[PDB]
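First the structure, in the form of structure tokens, and then the observations on it.
When we count neighbours, we look across all protein chains shown, and the Cβ atoms used for this are built from the backbone with ideal geometry, even at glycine. Every number in this text was worked out from the coordinates using simple rules, so none of it is lab data.
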Amino acid sequence: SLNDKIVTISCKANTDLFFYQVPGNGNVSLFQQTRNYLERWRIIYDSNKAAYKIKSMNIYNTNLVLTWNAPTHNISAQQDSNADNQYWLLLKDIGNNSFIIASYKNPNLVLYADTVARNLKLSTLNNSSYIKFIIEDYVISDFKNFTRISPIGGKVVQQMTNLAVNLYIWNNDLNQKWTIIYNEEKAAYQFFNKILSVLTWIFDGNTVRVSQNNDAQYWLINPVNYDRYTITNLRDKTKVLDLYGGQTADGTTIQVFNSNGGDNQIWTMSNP
Amino acid sequence: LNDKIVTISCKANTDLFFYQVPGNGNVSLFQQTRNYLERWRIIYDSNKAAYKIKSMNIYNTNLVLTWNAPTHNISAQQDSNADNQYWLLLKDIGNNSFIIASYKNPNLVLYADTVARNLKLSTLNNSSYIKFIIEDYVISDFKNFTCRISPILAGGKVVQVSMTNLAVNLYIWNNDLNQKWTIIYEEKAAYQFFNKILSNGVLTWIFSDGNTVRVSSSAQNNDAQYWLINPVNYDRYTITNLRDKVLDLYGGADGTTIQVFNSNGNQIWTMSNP
Amino acid sequence: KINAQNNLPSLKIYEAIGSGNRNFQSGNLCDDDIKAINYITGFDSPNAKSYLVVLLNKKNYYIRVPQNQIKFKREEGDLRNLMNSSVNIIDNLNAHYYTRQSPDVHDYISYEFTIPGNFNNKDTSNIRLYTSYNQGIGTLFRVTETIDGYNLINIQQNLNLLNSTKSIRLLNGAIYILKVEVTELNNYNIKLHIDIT
Amino acid sequence: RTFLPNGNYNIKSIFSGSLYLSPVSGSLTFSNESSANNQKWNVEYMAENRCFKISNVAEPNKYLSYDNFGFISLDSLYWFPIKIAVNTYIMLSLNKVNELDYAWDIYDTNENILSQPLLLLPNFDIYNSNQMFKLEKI
């Protein structure tokens with residue numbers, strides 16, 4: 001069920017290396033986690049081939065699919081001519097939910113991560129971990145473990161004993177640091193505040209404050225530009241965390257509920 | 001699919017299923033049956049990150065699929081957790097089917113020899129003779145099954161009265177179209193029990209009354225046409241309505257009404273060929 | 001490439017100066033009776049295996065044999081990288097040193113050597129190459145032989161061999177060819193040192 | 001006559017020195033020494049197409065070839081060796097299978113090729129330790 005999705009492909013050999021389309025030239029490399037448009041690929045699928053093609057969301061070159069070059073074993077990514085050497089069977093190892101990407105042109109060869117040259121090759125199937133990959137939705141990838149919600153500009157929401165929601169200019173404070181983690185059991189995110197050991201609300205109006213086995217302390221991040229995100233609560237599923245009256249004041253108490261696509265209801269998520 | 005009972009069938013010739021030939025120790029491709037010989041229990045070993053395909057044969061239960069030697073042939077042999085008895089199950093997500101490769105040599109995958117009706121090995125290639133269909137056994141046995149339903153201690157009795165009265169009860173087995181049924185499976189994850197004689201008729205639970213069932217059919221928003229079958233032996237099943245998470249049968253004998261009498265807790269049925 | 005049986009008689013090739021500028025018959029040698037010879041390559045050592053790899057023009061060439069048969073082949077593969085040089089075949093290797101006549105400045109000599117041991121593509125040895133008195137630019141090729149001829153995979157370039165201290169890991173059992181281009185002629189002989197560790 | 005001379009050979013892998021190529025049950029494996037004629041192979045260079053033909057001496061009129069399943073077997077109805085070290089070759093295919101050079105390949109777990117068939121797999125360079133075979137003259 002990965003048809004036409006925006007994903008990141010981490011390497012099972014080293015979970016800190018990602019498929020990274022080098023800007024400028026067309027080479028694909030194994031870079032560290034850069035949560036932006038370079039490490040993001042679309043998995044548009046061909047029904048007449050049972051195979052997938054891996055387009056890239058590089059803004060300045062839109063049509064760039066993952067490609068296997070010649071009888072060489074390199075994986076430079078170039079323009080999509082819908083050629084046979086540009087499709088990839090995406091087999092899934094049912095155990096541990098990793099992936100094998102086998103070239104449709106010759107499915108005796110699979111993607112191999114060097115992790116010493118930081119690029120990809122085509123190897124023959126092994127029992128090693130260098131042919132396994134982790135394809136996952138980018139919103140999951142960039143928020144499964146992250147650590148600064150900025151309303152759309154330079155001011156960031158913060159939280160010691162005054163646990164509540166505020167809005168002060170960025171200060172690199174421990175009250176202004178939010179660490180997001182993901183639970184794939186309720187399929188929900190949480191925002192811990194990096195001052196103590198989770199925001200609970202929709203259970204005296206807004207009353208958005210940091211505190212339980214309650215679905216209130218759960219949020220889903222849905223992109224709306226793809227770099228701005230909306231946050232919905234897993235209590236009503238229609239309540240969206242927003243600002244109060246669209247006030248860009250440095251004391252504003254941000255509120256929740258409703259939608260209307262108002263600019264106060266979207267958020268530019270953390271940037272370290 | 002750890003410790004899960006499944007039936008492997010080929011994607012090319014969908015009517016051919018993995019079969020363990022009794023007595024002899026080899027494995028072939030045979031027609032669809034519903035006996036234990038076509039059932040395989042898949043087990044996962046996390047240390048190996050691999051899979052053992054146990055044979056559900058009831059006489060010699062310690063049999064696993066095995067790639068013997070450098071020779072191509074595959075047979076069900078006594079397990080020893082050897083590297084050649086473990087397999088990698090890779091699901092093709094864009095074309096829902098499995099490729100089974102060898103842990104001994106992942107370059108080699110199972111291949112369905114249709115002319116020989118056997119299993120070989122082959123290098124991984126994009127052909128339909130290497131893709132299979134692994135799925136739960138009760139789903140395969142009943143996804144499309146023209147059969148007869150019978151109770152326990154009532155072997156010569158079939159749950160099915162005539163074209164005039166759409167209500168049904170227990171009847172004697174006489175090989176009549178009013179006796180046989182056809183069970184169909186996927187969106188709702190439950191089966192509808194069409195009646196053979198009654199065209200486009202389904203086994204319905206009229207929950208207007210307390211304990212009554214009939215054949216009314218034609219209900220898109222029904223919540224009672226669909227039923228769920230759960231094994232209890234591995235060939236004795238129980239059926240439950242998709243409204244309470246159930247056919248039962250009173251203590252009374254031909255003519256006894258079947259109905260959804262009680263909840264879960266008689267009430268055990270077996271479905272077999274006409 | 002010109003060699004002898006088992007490469008044992010070391011031949012020396014000369015070019016007839018001013019040959020081919022006159023009468024010629026297609027497909028046949030036209031003896032010009034020119035005894036002015038311009039030395040190209042070769043060794044005068046009697047017991048020293050070597051084969052010649054020389055570019056020749058459609059000109060008269062002399063081949064001097066010291067005190068069997070002579071085989072000519074038309075190499076068209078990677079052996080062209082060994083243009084105009086004699087390939088001293090090293091077989092005694094098992095701090096070895098081989099002393100041969102030093103080529104002129106910007107002229108090439110070549111040493112073909114097999115690293116001792118059993119080949120398994122995993123076991124290597126630290127090999128250091130260095131001349132003794134004549135500075136030269138070194139080049140190393142890995143040798144792979146097919147039915148069609150020989151293929152050379154370049155390993156290094158721009159090596160200063162004059163009393164060099166750098167060492168290179170080379171696989172045991174593989175064949176290598178070192179093409180030395182003598183840049184400083186400070187002696188009459190070049191004494192190449194192959195040291196194994 | 002200097003590069004793979006015509007004659008009789010024993011084929012081993014660079015992974016082991018006690019295992020020789022033996023044709024068991026229509027598949028070629030590497031088995032212990034047997035001092036028999038089934039572990040020796042007659043190499044003859046056919047010049048009409050510039051290729052090499054390996055036959056089993058114990059079972060003549062059979063030639064090493066590749067079947068459709070990717071294995072290597074003995075038929076009765078074309079190889080291209082290239083040498084990379086002393087008595088060490090990677091056996092390539094004179095026919096470009098899928099416009100890509102295929103070669104002999106043997107799989108190993110921590111360098112153990114016991115009970116493993118000899119397959120034909122794509123070839124890229126001379127640095128694949130899995131495709132290396134020693135043809136010791138006998």
| message | Step by step: first the residues of region A:95-152, then only those that are among the charged types (D, E, K, R) and more than 10 Å from chain B (Cβ to nearest Cβ), then the one that is farthest from A:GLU185 (Cα to Cα). Which residue is that? | response | A:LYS121
| Restricting the first residue to region A:20-32 and requiring it to be part of a strand (DSSP E or B), which pairs with a second residue that is β-branched (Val, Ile, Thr) and surrounded by fewer than 15 Cβ atoms within 10 Å (Cβ to Cβ) meet a Cβ separation below 8 Å and a spacing of at least six or different chains? | A:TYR20/A:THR34
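Which residues, counting only those in region A:110-139, are farther than 23 Å from A:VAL256 by Cα and among the hydrophobic types (A, V, I, L, M, F, W, C)? Don't jump to the end; show me each part of the working.
Start the filter on region A:110-139 by keeping residues that are farther than 23 Å from A:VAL256 by Cα, which leaves A:110-138.
Matches in region A:110-139: A:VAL110, A:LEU111, A:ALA113, A:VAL116, A:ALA117, A:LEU120, A:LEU122, A:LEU125, A:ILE131, A:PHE133, A:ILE134, A:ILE135.
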| Of all the residues that make up region A:70-94, how many are within 12 Å of another protein chain (Cβ to nearest Cβ) and in a loop (DSSP other than H, G, I, E, B)? | 7
| query | Mind checking which residues of region B:219-238 are assigned to a loop (DSSP other than H, G, I, E, B) and of a type in the set (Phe, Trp, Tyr)? | reply | B:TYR234
| said: Can you confirm whether A:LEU30 is away from chain B (no Cβ under 14 Å) and surrounded by 18 or more Cβ atoms within 10 Å (Cβ to Cβ)? | reply: yes
| remark: Note on B:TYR51: of the conditions (1) more than 14 Å from B:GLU135 (Cα to Cα); (2) part of a strand (DSSP E or B); (3) out of contact with any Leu (no Cβ under 9 Å at 6 or more places or on another chain), unmet is (3)
| remark: Here, strands (runs of 3 or more DSSP E) confined to region D:82-138 with at least 2 residues that are among the hydroxyl-bearing types (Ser, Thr, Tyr) and more than 9 Å from chain C (Cβ to nearest Cβ) are D:88-93
| query | Just a yes or no: is a residue in region B:205-217 in contact with a strand residue (DSSP E or B) (Cβ under 8 Å, 6 or more places away or on another chain), surrounded by 15 or more Cβ atoms within 10 Å (Cβ to Cβ), closer than 26 Å to B:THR33 by Cβ and not aromatic (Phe, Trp, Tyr)? | reply | no
| request: Kindly check whether there is at least one residue in region A:130-141 that is of a type in the set (S, T, N, Q), at negative phi and surrounded by fewer than 20 Cβ atoms within 10 Å (Cβ to Cβ). | output: no
| remark: Subset of region A:151-167, residues under 22 Å from A:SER197 (Cα atoms) and not in a loop (DSSP other than H, G, I, E, B), comes to A:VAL156
| For region C:1-39, which residues satisfy the criterion of being of a type in the set (D, E, K, R), under 15 Å from the mean Cα position of the chain (by Cα) and buried (at least 17 other Cβ atoms within 10 Å of the Cβ)? | C:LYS12
| Among the residues of region D:47-73, which ones are of a type outside the set (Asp, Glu) and closer than 20 Å to D:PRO122 by Cα? | D:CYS51, D:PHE52, D:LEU64, D:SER65, D:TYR66, D:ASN68, D:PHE69, D:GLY70, D:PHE71, D:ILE72, D:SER73
| remark: Restricting region C:124-136 to residues that are of a type outside the set (S, T, N, Q) and either under 19 Å from C:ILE177 (Cα atoms) or assigned to a strand (DSSP E or B) (or both), the one farthest from the other protein chains (Cβ to nearest Cβ) turns out to be C:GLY136
| query | So which residues in region B:54-69 are part of a strand (DSSP E or B) and β-branched (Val, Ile, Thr), if there are any at all? | reply | B:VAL64, B:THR66
| What residue, among those in region A:106-126 that are in a loop (DSSP other than H, G, I, E, B) and surrounded by fewer than 19 Cβ atoms within 10 Å (Cβ to Cβ), is farthest from the chain's Cα centre (by Cα)? | A:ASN126
| message | Take residues that are among the charged types (D, E, K, R) and closer than 26 Å to C:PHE141 by Cβ and tell me which of the strands (runs of 3 or more DSSP E) falling wholly in region C:1-119 contain 1 or more. | response | C:12-16, C:70-72, C:96-101, C:107-114
| request: Scan region D:46-81 residue by residue and report those that are within 14 Å of chain B (Cβ to nearest Cβ), of a type in the set (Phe, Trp, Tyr) and under 16 Å from the mean Cα position of the chain (by Cα). | output: D:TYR66, D:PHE71
| query | Mind checking which residues of region A:33-48 are more than 18 Å from the chain's Cα centre (by Cα) and part of a loop (DSSP other than H, G, I, E, B)? | reply | A:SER47, A:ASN48
